[PDB]
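Count the sequence shown with full-length UniProt numbering and you get residues 51 to 463, 468 to 573, 576 to 591, 617 to 886, in order.
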Amino acid sequence: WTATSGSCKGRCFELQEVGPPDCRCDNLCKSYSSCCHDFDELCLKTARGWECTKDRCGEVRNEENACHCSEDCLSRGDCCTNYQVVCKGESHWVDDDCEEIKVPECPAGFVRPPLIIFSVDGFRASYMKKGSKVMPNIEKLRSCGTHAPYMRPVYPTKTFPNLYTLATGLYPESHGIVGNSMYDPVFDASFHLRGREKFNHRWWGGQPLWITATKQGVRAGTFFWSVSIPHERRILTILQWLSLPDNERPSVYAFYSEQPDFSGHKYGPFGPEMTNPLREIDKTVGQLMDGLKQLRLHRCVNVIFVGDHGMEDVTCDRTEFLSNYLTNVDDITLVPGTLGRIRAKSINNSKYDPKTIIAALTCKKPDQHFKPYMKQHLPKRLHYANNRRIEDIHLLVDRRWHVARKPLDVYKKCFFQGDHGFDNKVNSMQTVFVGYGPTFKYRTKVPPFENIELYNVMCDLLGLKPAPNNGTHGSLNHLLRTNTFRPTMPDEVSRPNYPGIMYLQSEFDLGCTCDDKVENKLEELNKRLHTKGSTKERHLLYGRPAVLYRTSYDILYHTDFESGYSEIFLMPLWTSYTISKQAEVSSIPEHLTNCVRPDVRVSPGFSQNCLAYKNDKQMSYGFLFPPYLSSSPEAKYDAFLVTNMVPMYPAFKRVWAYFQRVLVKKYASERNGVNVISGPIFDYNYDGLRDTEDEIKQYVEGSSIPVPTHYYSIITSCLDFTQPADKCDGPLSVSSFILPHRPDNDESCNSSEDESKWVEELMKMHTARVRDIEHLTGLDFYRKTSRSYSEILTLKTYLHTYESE
Ligand SMILES: O=C(c1cc(OCC2CC2)c2ccccc2c1)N1C[C@@H]2[C@H](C1)[C@H]1CN(C(=O)c3ccc4[nH]nnc4c3)C[C@@H]21
Ligand SMILES: *[C@@H]1O[C@H](CO)[C@@H](O[C@@H]2O[C@H](CO)[C@@H](O)[C@H](O)[C@H]2NC(C)=O)[C@H](O)[C@H]1NC(C)=O
Ligand SMILES: [Ca+2]
Ligand SMILES: [Cl-]
Ligand code: NA
Ligand code: NA
Ligand SMILES: [Zn+2]
């Protein structure tokens, strides 16, 4: 109940929201149907419009107006945004030349530049260039401030997941809003857009910027606006708040626009109907900067023009229906649209088997436009699994398509022409970022970056300490004039051992063999220096990775590669080697196909054995440094050490071999040498973090050799490719993958064909950031370069997406 029999006189758009039975006057009260009886009268005045005219100048203050052009309207803080243009001969902000803001120019009593977040729903990144002629104010923000060509949203590219990610810096699996629609089995509650359950706080995890601000003594305007409140009224309310007394005045504000998302759904991303919404948004920005100019706040506020996601072309006729794939389609609940999430309809159905459902959806139609996944098998770059609200079964939908349950769900719910939600690396889902103010840089373009990074920056601009989030704090310092946060490198926690020759061949009883006994001092001191590290500078280009947890591991040096070998996991954590453009691929000689060699530096007890692989009919093995890439016949025998060996399903060896035999050399010659760091990953609880020894769920049968869930590689080279990867002066270039270690290739529908037709497409799908691998390995890379650490942080968040323009 709400007693609407109170008043809002003086309380219009109050900042401290009251609770029932007191009627509300806050910018959200209509969404609760809770406002006082006179809220519309007193707070949403519409009389005479939103602009001044000449004949209104110097008028007699008539309080019924939506805004005022009376001579006293400034001291009251409530002029129309164009008042000083019409009445005082001044200029619109957009008509003023671009002028560098070298220092904040704030009025007295402003303790810091305020931050205004101007968020636009569905603002596809390409709008910045394609719509530039009809958005003059935004183009001035973009070109004078700091901008990226696009900003990568989080998956799913949906409204609530991305708005809350912006506000928290957290992947949706951590902050809990993993769709616009969710079922939580622990609550037995549902989150929808229709209803009041979404207003309950048990859904919203982490700590958003407004809580973070408040907890640290910075006041925040209330970020959310009920739909009915006109944009003009939101802008003015923000301006009014900026005129409050110093002790009352918030320091961070938000504006939200439903456009161009709303129209982009009806008319598609580039419908002719889309010019006008882009014009209007720009007008809204124009009113804000005009109103800031009237407040002498236009070279003092920091403004973030930011989108939540893009918009793709989608029509009802491009819909895949599960009724054509399954028989008993009523035994499942499907969350539909641009992604699919399947669970059982009834919790008391023992005939429900997710395996038969995944199988009935796998490569069934020749060109089918979605692909089923168990969520732990999703590309680790999406980080979309570690939450009970994410159903076990997931459908990744090709851009431009939908997935539905039965046809009747599409025609009893054509209509729309735009949608979003797809994979967050799709070009159409990319959105915008622009920063403008004294704390941003001037006329500076910065590379694309992920929106999980912004929360740390907004904390910087506001002087706040960020709650723990998934940003990499300092990877965006190159957007800032000042307030850059200077991080130190994490300290190494385990130091390695450097073992020498300590065991004899006969101490090993591993079941391996090698046709190698067909073995000079003119080059025997040569191979001694190799095993002590004489060539480590060629293959460990950016220093060894630091182990950020407590474990026992050895550094092993070889002519062609160095490893960091773990006695706890009986395999390297990392293996590092450089391949120049000149390097030649070689075969595995016929006599060495089944060669595996004891490593006289590592005890038998801390070594894999070959019998375990003979006995496990499902498991085979591979090598981290590839034998194909040896530098000489004599070096090749090092690639066959038991300490270079890792467990691999035969189906994954198809993939892994083609990467080592073909792609590494292809990349060496395209990029003028590459340095490659490879290794295993264990993520059996799909939380994106390195498993501990007691969390392994699978071993090579009859052994303590743990089976990785993934294999990674980090391919580095010189950004200026006219310098070899091993003689690089300047910035670096990187790509990486986290490949799922799976016993089939069902993810790849074309895997019955030659590896040249499918393997690299799979690797592209599972591209990763270096940062992602660090979470999964406890390793810290790039510890010793010539570059600045901030630059190195940006590199580690770099993601290579293989998208066009
Ligand atoms: O008022 C805020 C708001 C603003 C925020 O941050 C704005 C600030 C950053 C600048 C938030 C931040 C974190 C959490 C919630 C937030 C809510 N909304 C009001 C609308 C929108 C955001 C929510 C989703 N929605 C839709 O009607 C809708 C729109 C497009 C769609 N497409 N497909 N389905 C769709 C459904 C109803 C709610
Ligand atoms: C993303 O950031 C969050 C916050 O640091 C991480 O989540 C925390 O993880 C630890 C370990 O599981 C828990 O004790 C905390 O309760 C978690 N907090 C939240 C809010 O989830 C999360 O692990 C990070 N993800 C990645 C991939 O690094
Ligand atoms: Ca884990
Ligand atoms: Cl959704
Ligand atoms: Na075998
Ligand atoms: Na296949
Ligand atoms: Zn939308």
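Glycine included, C-beta positions come from ideal geometry on N, C-alpha and C.
For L651, the shortest C-beta to heavy atom distance toward ligand 4 is 8 Å or greater. For the beta strand (DSSP E) assignment, the uninterrupted runs of no fewer than 3 residues enclosed by the stretch 359-405 are, from N- to C-terminal side, 369-371, 382-385, 389-394. Remark: the shortest separation between the CB of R771 and any heavy atom of ligand 3 falls under 8 Å. If you check the C-beta of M729 against ligand 5, you find no heavy atom less than 8 Å away. Of the candidates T96, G181, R868, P222, the residue whose Cα lies closest to the Cα of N523 is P222. For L432, the closest C-alpha among the options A97, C129, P206, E149 is that of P206. DSSP places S224 in the uninterrupted alpha helix (DSSP H) bounded by 222-225.
In the structure shown, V277 falls within a coil segment according to DSSP collapsed to helix, strand and coil. Here the alpha carbon of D442 sits roughly 7 Å from the alpha carbon of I392. Taking the Cβ of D775 as the reference point, every heavy atom of ligand 7 lies at 8 Å or farther away. In the three-state reduction of the DSSP assignment, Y883 falls in the coil class. Here the alpha carbon of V153 sits roughly 9 Å from the alpha carbon of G491.
Proximity of the beta carbon of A304 to ligand 1 is indicated: a heavy atom of the ligand is located closer than 8 Å.
Residue environment: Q559 is assigned as exposed (fewer than 16 neighbouring CB atoms within 10 Å of its CB, all protein chains considered). Judged by DSSP secondary structure, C194 falls within the alpha helix (DSSP H) whose first and last residues are 186-194. Under the Cβ criterion (8 Å, minimum of three pairs), the stretch 330-341 counts as touching the stretch 307-316. By the neighbour-count criterion, in which 16 or more other beta carbons inside 10 Å mark a residue as buried, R439 falls on the buried side.
Within 10 angstroms of the beta-carbon of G139 lie fewer than 16 other beta-carbons, which makes it exposed. Taking non-hydrogen atoms of ligand 6 into account, the C-beta of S829 is found less than 8 Å away from one of them. In the structure shown, the three-state DSSP call for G255 is coil. Between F487 and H197 a beta carbon distance of about 7 Å is seen, short of the 8 Å cut, so the two are scored as contacting.
Near ligand 5, meaning a beta-carbon closer than 7 Å to one of its heavy atoms, we find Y694, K695, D697, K698, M700, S701.
The closest CA to that of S688, considering only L722, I669, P670, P714, is found on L722.
The C-beta separation of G255 from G219 comes to about 12 Å, leaving the pair out of contact by the 8 Å criterion.
Taking the Cα positions, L292 is about 30 Å away from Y200.
The way I'd put it, the stretch 629-638 does touch the stretch 647-663; three or more beta-carbon pairs between them come closer than 8 Å.
Looking at the backbone, the Cα of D680 and that of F642 are separated by about 15 Å. Taking the C-beta atoms as reference points, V781 is found nearer than 9 Å to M700. Proximity of the beta carbon of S301 to ligand 1 is not indicated: no heavy atom of the ligand is located closer than 8 Å.
The stretch 657-674 and the stretch 752-764 touch, with no fewer than 3 CB-CB distances between them shorter than 8 Å. Beta bridge pairing from DSSP links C85 with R74. Residue environment: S176 is assigned as buried (16 or more neighbouring CB atoms within 10 Å of its CB, all protein chains considered).
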